[PDB]
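**Student:** Handing you a structure now.
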Amino acid sequence: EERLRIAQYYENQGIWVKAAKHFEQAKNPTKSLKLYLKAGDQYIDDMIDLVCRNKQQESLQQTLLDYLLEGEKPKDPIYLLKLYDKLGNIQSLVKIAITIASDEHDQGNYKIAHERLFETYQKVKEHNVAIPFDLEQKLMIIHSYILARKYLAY
């Protein structure tokens with residue numbers, strides 16, 4: 001009942017790492033997302049838990065996505081993909097995964113691209129959504145190249 005005063009007086013003490021998390025437990029999703037916007041990348045997972053806890057609001061996920069779109073340079077795709085999957089949209093998952101896998105394929109890392117495409121294929125299969133043709137075609141081509149290399153090794 002008295003969360004807001006505790007959070008305010010704790011923020012007035014000069015610290016802002018634990019008071020920001022307290023604003024989350026203050027039954028104030030707006031303040032929660034507003035302060036979590038300025039937090040780090042490692043804290044994002046916790047906000048995803050908040051998405052599991054406060055499904056009424058829709059601005060938190062949108063603004064987290066907006067802040068992470070232009071955040072620094074491209075990062076580990078699987079983190080963004082799993083957080084979008086927890087959000088519940090798989091088409092953007094396939095799109096981003098295909099983009100990153102194509103980048104790796106052009107860089108020459110066929111194994112990493114194949115692994116990421118297989119992971120995306122399995123994730124799509126779990127959600128019972130029809131597998132996009134481009135994803136399957138790229139996975140088949142890379143798998144065929146890997147099999148050809150393995151058979152040439154024999």
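The chains in the structure tokens are called A, B, ... from first to last as shown; in each chain the residues are counted from 1, and the ligands are counted from 1 in the order shown.
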DSSP on the backbone: which residues in chain A end up as alpha helix (DSSP H)? Give the answer as a ChimeraX atom specification.
**Tutor:** /A:3-11,18-24,29-37,44-53,59-69,77-87,91-107,110-126,133-153
**Student:** If we count only C-alpha atoms and set the cut-off at 12 Å, which residues sit around residue 134 in chain A, ignoring sequence neighbours fewer than 3 positions away in its own chain? Please answer as a list in words.
**Tutor:**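 In the requested format, the answer is residues 94, 95, 97, 98, 99, 101, 102, 117, 121, 130, 131, 137, 138, 139, 140 and 141 of chain A.
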**Student:** Would you put the residues from that selection into a file with C-alpha atoms, as a PDB file, in the first residue's frame?
**Tutor:**
ATOM      1  CA  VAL A  94      11.489 -15.848 -39.142  1.00  0.00           C
ATOM      2  CA  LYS A  95      12.391 -12.585 -40.882  1.00  0.00           C
ATOM      3  CA  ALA A  97      16.497 -15.129 -38.175  1.00  0.00           C
ATOM      4  CA  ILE A  98      16.673 -15.404 -41.971  1.00  0.00           C
ATOM      5  CA  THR A  99      18.457 -12.044 -42.161  1.00  0.00           C
ATOM      6  CA  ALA A 101      21.520 -16.492 -41.073  1.00  0.00           C
ATOM      7  CA  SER A 102      22.022 -14.953 -44.521  1.00  0.00           C
ATOM      8  CA  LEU A 117      17.960 -21.842 -39.272  1.00  0.00           C
ATOM      9  CA  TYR A 121      12.513 -24.090 -37.927  1.00  0.00           C
ATOM     10  CA  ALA A 130       3.206 -23.108 -41.549  1.00  0.00           C
ATOM     11  CA  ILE A 131       6.947 -23.012 -42.246  1.00  0.00           C
ATOM     12  CA  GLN A 137      14.770 -23.515 -48.919  1.00  0.00           C
ATOM     13  CA  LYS A 138      17.782 -21.843 -47.292  1.00  0.00           C
ATOM     14  CA  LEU A 139      18.016 -24.564 -44.641  1.00  0.00           C
ATOM     15  CA  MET A 140      17.816 -27.264 -47.323  1.00  0.00           C
ATOM     16  CA  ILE A 141      20.522 -25.606 -49.429  1.00  0.00           C
TER      17      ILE A 141
END
**Student:** I'd like the neighbourhood of residue 44 in chain A as a ChimeraX atom specification, where a residue qualifies if any of its atoms comes within 10 Å (using only C-alpha atoms), though same-chain residues fewer than 5 positions away should be ignored.
**Tutor:** /A:36-37,39,49-50,64,68,79-80,83
**Student:** Using the selection just defined, write its residues with N, CA and C atoms as an mmCIF file, in the first residue's frame.
**Tutor:**
data_model
loop_
_atom_site.group_PDB
_atom_site.id
_atom_site.type_symbol
_atom_site.label_atom_id
_atom_site.label_comp_id
_atom_site.auth_asym_id
_atom_site.auth_seq_id
_atom_site.Cartn_x
_atom_site.Cartn_y
_atom_site.Cartn_z
ATOM 1 N N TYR A 36 12.637 1.228 -16.720
ATOM 2 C CA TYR A 36 13.354 0.106 -17.316
ATOM 3 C C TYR A 36 13.857 0.440 -18.715
ATOM 4 N N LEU A 37 13.313 1.495 -19.326
ATOM 5 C CA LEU A 37 13.846 1.949 -20.608
ATOM 6 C C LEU A 37 15.302 2.378 -20.480
ATOM 7 N N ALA A 39 17.450 1.332 -18.304
ATOM 8 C CA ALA A 39 18.279 0.288 -17.717
ATOM 9 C C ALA A 39 19.163 -0.336 -18.797
ATOM 10 N N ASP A 49 9.754 -10.729 -18.031
ATOM 11 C CA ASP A 49 8.946 -11.305 -16.964
ATOM 12 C C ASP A 49 7.791 -10.380 -16.610
ATOM 13 N N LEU A 50 8.046 -9.068 -16.590
ATOM 14 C CA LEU A 50 6.972 -8.109 -16.361
ATOM 15 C C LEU A 50 5.914 -8.204 -17.453
ATOM 16 N N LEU A 64 10.196 -1.012 -25.541
ATOM 17 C CA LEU A 64 11.408 -1.812 -25.394
ATOM 18 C C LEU A 64 11.949 -2.218 -26.761
ATOM 19 N N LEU A 68 15.513 -1.044 -28.389
ATOM 20 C CA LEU A 68 16.500 -2.052 -28.758
ATOM 21 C C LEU A 68 16.721 -2.146 -30.264
ATOM 22 N N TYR A 79 18.641 -13.727 -28.469
ATOM 23 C CA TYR A 79 18.014 -13.049 -27.336
ATOM 24 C C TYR A 79 16.773 -12.277 -27.777
ATOM 25 N N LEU A 80 16.920 -11.463 -28.824
ATOM 26 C CA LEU A 80 15.786 -10.716 -29.355
ATOM 27 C C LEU A 80 14.713 -11.664 -29.875
ATOM 28 N N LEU A 83 12.811 -13.202 -26.902
ATOM 29 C CA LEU A 83 11.917 -12.249 -26.250
ATOM 30 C C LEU A 83 10.708 -11.926 -27.127
#
**Student:** What's around residue 26 in chain A at 10 Å? Count only C-alpha atoms, leave out sequence neighbours fewer than 2 positions away in its own chain, and write the answer as a VMD selection string.
**Tutor:** chain A and resid 1 to 7 21 to 24 28 to 29 31 to 32
**Student:** With N, CA, C and O atoms retained, could you export that selection as a JSON list (two decimals), in the first residue's frame?
**Tutor:**
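File written: out_5.json
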[["chain", "number", "residue", "atom", "x", "y", "z"],
["A", 1, "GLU", "N", 0.81, -1.21, 0.00],
["A", 1, "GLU", "CA", 0.00, 0.00, 0.00],
["A", 1, "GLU", "C", 0.84, 1.27, 0.00],
["A", 1, "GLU", "O", 0.38, 2.30, -0.49],
["A", 2, "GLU", "N", 2.06, 1.22, 0.53],
["A", 2, "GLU", "CA", 2.92, 2.39, 0.67],
["A", 2, "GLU", "C", 4.20, 2.24, -0.14],
["A", 2, "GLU", "O", 5.28, 2.66, 0.29],
["A", 3, "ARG", "N", 4.09, 1.65, -1.33],
["A", 3, "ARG", "CA", 5.28, 1.41, -2.14],
["A", 3, "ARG", "C", 5.88, 2.71, -2.68],
["A", 3, "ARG", "O", 7.10, 2.86, -2.75],
["A", 4, "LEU", "N", 5.02, 3.66, -3.08],
["A", 4, "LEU", "CA", 5.49, 4.85, -3.78],
["A", 4, "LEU", "C", 6.38, 5.71, -2.89],
["A", 4, "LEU", "O", 7.42, 6.21, -3.35],
["A", 5, "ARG", "N", 6.01, 5.88, -1.62],
["A", 5, "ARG", "CA", 6.84, 6.68, -0.72],
["A", 5, "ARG", "C", 8.18, 6.01, -0.48],
["A", 5, "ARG", "O", 9.22, 6.69, -0.44],
["A", 6, "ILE", "N", 8.19, 4.69, -0.32],
["A", 6, "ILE", "CA", 9.45, 3.97, -0.14],
["A", 6, "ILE", "C", 10.35, 4.18, -1.34],
["A", 6, "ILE", "O", 11.54, 4.48, -1.20],
["A", 7, "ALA", "N", 9.79, 4.02, -2.54],
["A", 7, "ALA", "CA", 10.60, 4.17, -3.75],
["A", 7, "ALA", "C", 11.13, 5.59, -3.89],
["A", 7, "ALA", "O", 12.29, 5.79, -4.26],
["A", 21, "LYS", "N", 13.83, -1.13, -9.65],
["A", 21, "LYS", "CA", 13.14, -2.40, -9.49],
["A", 21, "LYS", "C", 12.00, -2.32, -8.49],
["A", 21, "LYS", "O", 11.00, -3.03, -8.64],
["A", 22, "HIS", "N", 12.12, -1.47, -7.47],
["A", 22, "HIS", "CA", 11.02, -1.29, -6.53],
["A", 22, "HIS", "C", 9.82, -0.62, -7.18],
["A", 22, "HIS", "O", 8.68, -0.97, -6.88],
["A", 23, "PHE", "N", 10.06, 0.36, -8.06],
["A", 23, "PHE", "CA", 8.97, 0.97, -8.81],
["A", 23, "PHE", "C", 8.18, -0.06, -9.60],
["A", 23, "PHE", "O", 6.98, 0.12, -9.84],
["A", 24, "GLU", "N", 8.83, -1.15, -10.02],
["A", 24, "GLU", "CA", 8.13, -2.25, -10.67],
["A", 24, "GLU", "C", 7.15, -2.94, -9.74],
["A", 24, "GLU", "O", 6.04, -3.28, -10.17],
["A", 28, "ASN", "N", 2.72, -0.08, -10.48],
["A", 28, "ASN", "CA", 2.81, 1.05, -11.41],
["A", 28, "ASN", "C", 3.55, 0.59, -12.66],
["A", 28, "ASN", "O", 4.75, 0.85, -12.82],
["A", 29, "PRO", "N", 2.86, -0.11, -13.56],
["A", 29, "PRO", "CA", 3.53, -0.58, -14.79],
["A", 29, "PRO", "C", 4.09, 0.55, -15.64],
["A", 29, "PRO", "O", 5.12, 0.36, -16.29],
["A", 31, "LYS", "N", 5.41, 3.54, -14.65],
["A", 31, "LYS", "CA", 6.71, 3.90, -14.08],
["A", 31, "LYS", "C", 7.71, 2.77, -14.26],
["A", 31, "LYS", "O", 8.90, 3.02, -14.51],
["A", 32, "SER", "N", 7.25, 1.53, -14.13],
["A", 32, "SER", "CA", 8.13, 0.38, -14.29],
["A", 32, "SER", "C", 8.80, 0.39, -15.66],
["A", 32, "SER", "O", 10.03, 0.34, -15.77]]
